[PDB]
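# Descriptive structure summary
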Amino acid sequence: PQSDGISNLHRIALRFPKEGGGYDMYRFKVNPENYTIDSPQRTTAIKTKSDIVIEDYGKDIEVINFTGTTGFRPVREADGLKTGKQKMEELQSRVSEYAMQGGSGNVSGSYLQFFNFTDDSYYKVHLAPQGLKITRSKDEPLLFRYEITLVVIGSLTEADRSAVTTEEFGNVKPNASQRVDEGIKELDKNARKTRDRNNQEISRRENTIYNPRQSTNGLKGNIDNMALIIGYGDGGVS
Amino acid sequence: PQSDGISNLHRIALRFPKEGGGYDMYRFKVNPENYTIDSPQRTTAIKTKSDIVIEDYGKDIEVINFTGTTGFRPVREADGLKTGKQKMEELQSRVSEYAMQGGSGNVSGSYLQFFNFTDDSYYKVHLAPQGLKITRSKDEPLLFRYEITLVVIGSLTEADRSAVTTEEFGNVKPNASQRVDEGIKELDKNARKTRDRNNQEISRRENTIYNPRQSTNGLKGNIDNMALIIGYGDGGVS
Amino acid sequence: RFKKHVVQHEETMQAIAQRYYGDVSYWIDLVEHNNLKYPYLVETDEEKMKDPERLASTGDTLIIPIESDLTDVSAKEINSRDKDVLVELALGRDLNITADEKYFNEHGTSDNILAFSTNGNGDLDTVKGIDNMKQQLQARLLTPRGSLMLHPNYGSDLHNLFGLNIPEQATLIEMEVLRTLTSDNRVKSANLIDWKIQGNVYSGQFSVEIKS
Amino acid sequence: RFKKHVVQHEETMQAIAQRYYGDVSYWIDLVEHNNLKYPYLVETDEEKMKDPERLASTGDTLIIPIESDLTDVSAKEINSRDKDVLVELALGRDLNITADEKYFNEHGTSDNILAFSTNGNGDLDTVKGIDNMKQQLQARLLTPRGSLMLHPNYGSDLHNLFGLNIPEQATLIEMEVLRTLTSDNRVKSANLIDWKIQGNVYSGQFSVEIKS
Amino acid sequence: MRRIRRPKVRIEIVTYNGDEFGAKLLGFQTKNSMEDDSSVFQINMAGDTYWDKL
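For this entry, the PDB record names cryo-EM as the structure determination method and reports a resolution of 4.5 Å.

See below:
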């Protein structure tokens, strides 16, 4: 939304991760003075004698940077009456909780959700290397200005890398190999030595998603158990 | 054409590649505010102890950069009624999709096509490493601004370099080589061993595009094809 | 994996391999996948009536492997005989537990809601194909994030997102649903096409791109 | 490849070699390339009557090699055969399929257009040199890009381009014509001279730099 | 007056065509020296084509 044709725009909001489970959010009472989004490309162009070679390697980090202030008037809140100074102090404390115990200790959240209701865009962001920058100036005796840069981990609509489920059709665990190893553990020293010798003998004369349906990947695994339990040689083969 | 009192203005259009082949046609509804084109040269200057030496290697990769703002007021579209914010978002999504799919070194299809209709000129272009930088400052709150930078691959009048159909007169795929190789595959190991011996003997006795007509390059292919239909020694020669 | 296709009026089997895989040379291996006798594609159906299972004619479906599985002999053998059973196997097979479809849509984010059912005779009901994929998305959405006894971080916080129906809560719900739907690798993307409010009732719909 | 020359009044034989190679001394090779006797050029045309093939005069045409093929005996031999027909070795000979330019120009992009035909009697019509080049641009451009049953990316996208009659679309038609025509090595380059949009008729005319 | 120079490198290969190989040239080195018992040269090629397989 904006102020045009549609009803009143919604300010920009920031969602942080609660230590104790759940989530806490932060909405800006005053929209930022500047809002820049850099979306470079990782591509290099090098001309040869009589041709041009273009190579590309994907999308570059989309860097988000914006500058805003806090109003001097108070305004209603979800709990309490917080003025601009308290608002900016809470922002500082939140950033410091996300940054100071990030490399040390542990933070529950792995990332930050950045909501642009005004621009109708969403992304998952992490603190940039430039980081937060607060400054107060002569010609703003009562106000407080903030400058933050961010790097986009990715689109918020997609799911987390660690929370992805593969196809995983059929059995995933080869139980044949598991029981082969379990049975080999009980074998005597001579049995294991003979299995090594047999393996060498077969080896030196060669050249001259587990599912038994619609696949042949788990072939030798079933043979290994059957050869151990039945007994091809003193130990087995393969 | 530009507005010159003889024809009405004609605005720029981008023709992006479509996933299933064919192309989009993104045309700007307000033309750029700044438009810059660079033409760097690969000339180098080295200063010798008694003279200056001027050396050139030819034209270098051109750069196209331009900046503008999407209009505010709603404007009818060739298949809709789209506002400036929807147009800017469509642009961002095209560029995101083009950039992200290039993760295999380089797209096998087209590069971007850049119809600079205002002054008569046409180019094939690729996203520069500056990328699509989008910003919206305090001034002009309801107007978006976009900054694009592009590198020129070549004129759109000229088809792709590797795709050009060469002359290919005569026969590029001679049958003589093929049937020679089939013969030699069909020969017995002793036959090939003797052929190797005869080749080595000939080499000892050294000292002490294809067309069957008006060409000598394929002479050996006709001779190599012989010495197998006729028993010139137990195996062919050369 | 594979792409679907249909026989067009007087299209030759050479023409298909060339258009999809580039080189015409590949048609030879491509006929074994569709298990075709020599008249590989033939225009007339009364000519398909000669020996129906070993031919294709105008209007019939065809199977088109990806190029990596083109040369696999196992893919050849499986695609030869399974034919339409491809999609079912490729989307997989599972027990059907949408017994009370009218009912589970009255108490979601509450437990005890799904149950086995019976179809056919003397056998528990099973679901396959796209229906299976829907059912699985449905169950994944209606399950809380840490409630299955193994492999937790499965499910959603939909039971936690109940709030004052202001739009930020609605974007939050949108994002959770999209995350939940995009968790399965089989699905490519999701995207919202509508969100809509009726006082204390949310309503909206999502389009999901399922791989061919 | 080569260049043509026309003999001028009292033209000094050595002046040709100098004028196109800078040094004088390559005239021994040039006159061997053109199978001349010692009287390399002569003022009087009656003298040519005696040995026409081995004696040139004012206004006659000579063949100038490029520098790299100057000393190649085989090029000297071939260049002694194809005298003022050498163009045929670069552009080539092919079968005529343009039986009537009054026919296909009124039917345009379609199946079932062109056909082999016979000029004279008994000998099948072979169309050669510049006239081969006419055909090999025309028959190429009328074919749609996907069409041909080997080596795809033949043809053009021209059949797609019957959109709205507005100026941008006309430039798109120019672009596909330019792209299609510069796709064959026998032409150096192409560019548009003029275009004319009637109420539903596109008309435009293009230059092409055929080689030689 | 200052001299003008326009270098134009060619490459020919004998066992892919040589003229296409020469087109993707970018730079080369040619260490030749009578002091040591070995002459060695290096060529830098662009990454447009997979040269490892060719």
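Now that the structure is up, let's keep going.
Residues and elements named next belong to chain A. Considering all chains together, one arrives at 46 salt bridges over all chains under this definition. With a closest N to O distance of 3.9 Å, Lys133 and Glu147 form a salt bridge. Linking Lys133 in strand β11 (residues 133-135) with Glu147 in strand β12 (residues 145-155), this pair joins segments that are 14 residues apart in sequence. Overall, the relative accessible area of 27% leaves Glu147 in the partly exposed class.

There is a patch of like positive charges on the surface, built from A:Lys189, A:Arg192, A:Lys193 and A:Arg197. Assignment of secondary structure puts A:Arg197 in helix α3 (residues 189-203).

Bringing the packing of helix α2 (residues 175-185) of chain A against helix α4 (residues 219-230) of chain A into the picture now. Residues and elements named next belong to chain A. Put simply, α2 and α4 touch, their axes get as near as 8 Å, and they point 30° apart. Of the possible angle classes, the one that applies to α2 and α4 is roughly parallel. By crossing handedness, the relation of α2 to α4 is classed as left-handed. Contacts between α2 and α4 involve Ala176, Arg179, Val180, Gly183 and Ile184 from the first element and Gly221, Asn222, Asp224, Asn225 and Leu228 from the second. Across the contact of α2 with α4, the residue classes tally to 4 nonpolar, 4 polar and 2 charged.

Turning next to the arrangement of the chains. The top pair by number of contacts, from a total of 6 pairs of chains in contact, is chains A and B. Over all C-alpha pairs, chain B and chain C never come within contact, reaching a minimum spacing of 11 Å. No part of chain D reaches chain E; the closest C-alpha pair between them is 14 Å apart.

What follows concerns the relation of the copies chain A and chain B. Taken as rigid bodies, chain A and chain B are interconverted by a rotation of 61° and an axial shift of 0.4 Å, the fit giving an RMSD of 1.5 Å. The superposition of one copy onto the other is thereby described by a six-fold rotation axis. Comparing interface residues between copies, only 3% of those in chain A also sit at the interface in chain B, which points to a heterologous contact through distinct surfaces.

Moving on to empty space enclosed by the protein. Residues and elements named next belong to chain B. In this structure, the largest cavity spans a volume of roughly 100 Å³. Lining of the largest cavity is provided by 14 residues; of these, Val95, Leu112, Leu127, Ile148 and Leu150 occupy positions nearest its centre. Of all the elements in the fold, those that place two or more residues in the lining of the largest cavity are β9 (112-116), β10 (121-127) and β12 (145-155). In terms of residue count, β12 provides more of the lining of the largest cavity than any other element does, 4 residues in total. Residue classes in the lining of the largest cavity are distributed as 10 nonpolar, 3 polar and 1 charged.

Turning to the environment of A:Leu156, a few remarks are in order. Mapped onto the secondary structure, A:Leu156 falls in the loop between β12 and α2. Expressed as a C-alpha distance, the spacing of A:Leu156 and A:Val30, which sit 126 residues apart in the sequence, is 24 Å. For A:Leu156, the residues in contact, after removing those within four places along its chain, are A:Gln113, A:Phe115, A:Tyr122, A:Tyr123, A:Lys124, C:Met175 and C:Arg179.

Moving on to the interface of chain A and chain B. Reports of interface size often rely on the accessible area that becomes lost once the parts have come together. With 29 residues of chain A at the contact, the number on the chain B side is 32 residues. Each partner contributes to the roughly 2,600 Å² buried at the junction of chain A and chain B, and carbon and sulfur atoms together form 50% of this total. Contact with chain B buries surface across chain A, with A:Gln2, A:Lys47 and A:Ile54 losing the most and accounting together for 21% of the total. Counting the contacts that link chain A with chain B gives 2 salt bridges. A:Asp120 serves as the salt-bridge partner of B:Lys85, at 2.8 Å between the closest nitrogen and oxygen. Our count for the chain A to chain B interface comes out at 12 residue pairs in polar contact. Breaking the side of chain A that touches chain B down by element, the ones donating at least two residues are β3 (34-38), β4 (41-47) and β5 (52-59) of chain A. Examining the composition of the side of chain A that touches chain B, we find that 7 residues originate from one element, β5(A), more than from any other. Taken together, the 2 bridges between β3(A) and strand β11 (residues 133-135) of chain B define a ladder with antiparallel strand orientation. Counterpart to A:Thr36 in the pairing with β11(B) is B:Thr135.

Criteria and cut-off values
- Residues numbered from 1 in each chain as written, not as in the entry; some residues may be left out.
- Chains lettered and ligands numbered in written order.
- Part of a larger assembly, values for the part shown.
- Heavy atoms only, no water.
- Salt bridge = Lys/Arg side-chain N within 4 Å of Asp/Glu carboxyl O.
- Helix = DSSP H or I, 4+ residues; strand = E, 2+ residues; numbered from the N terminus.
- Buried < 20%, exposed > 50% of the residue type's maximum accessible area, 1.4 Å probe, protein only.
- Patch = residues over 30% accessible without salt bridge, like charges linked within 9 Å, V, L, I, M, F, W, Y side chains within 5 Å.
- Areas by Shrake-Rupley, 256 points an atom, 1.4 Å probe, with all protein chains shown as cover.
- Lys, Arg positive; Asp, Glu negative; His and termini not counted.
- Charge placed at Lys NZ, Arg CZ, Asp CG, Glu CD.
- Axes fitted to C-alpha atoms, helices over the stretch in contact; angles between N-to-C directions.
- Parallel < 35°, antiparallel > 145°, perpendicular 65-115°, else oblique.
- Left-handed = near helix turned anticlockwise from the far one by under 90°.
- Contact = heavy atoms within 4.5 Å.
- Nonpolar A, V, L, I, M, F, W, Y, C, P; charged D, E, K, R; others polar.
- Least-squares fit on C-alpha atoms.
- 1 Å grid on protein atoms, 1.4 Å probe; cavity = no way out; pocket = protein on both sides within 12 Å on 5 of 7 lines; lining within 4 Å.
- Points joined across faces, edges and corners; volume = space filled by probe spheres on them.
- Buried area = accessible area lost by both parts, 1.4 Å probe.
- Polar contact = N/O pair within 3.5 Å; in protein donor to acceptor, adjacent residues only side chain to side chain.
- Pairing = 2+ DSSP bridges.

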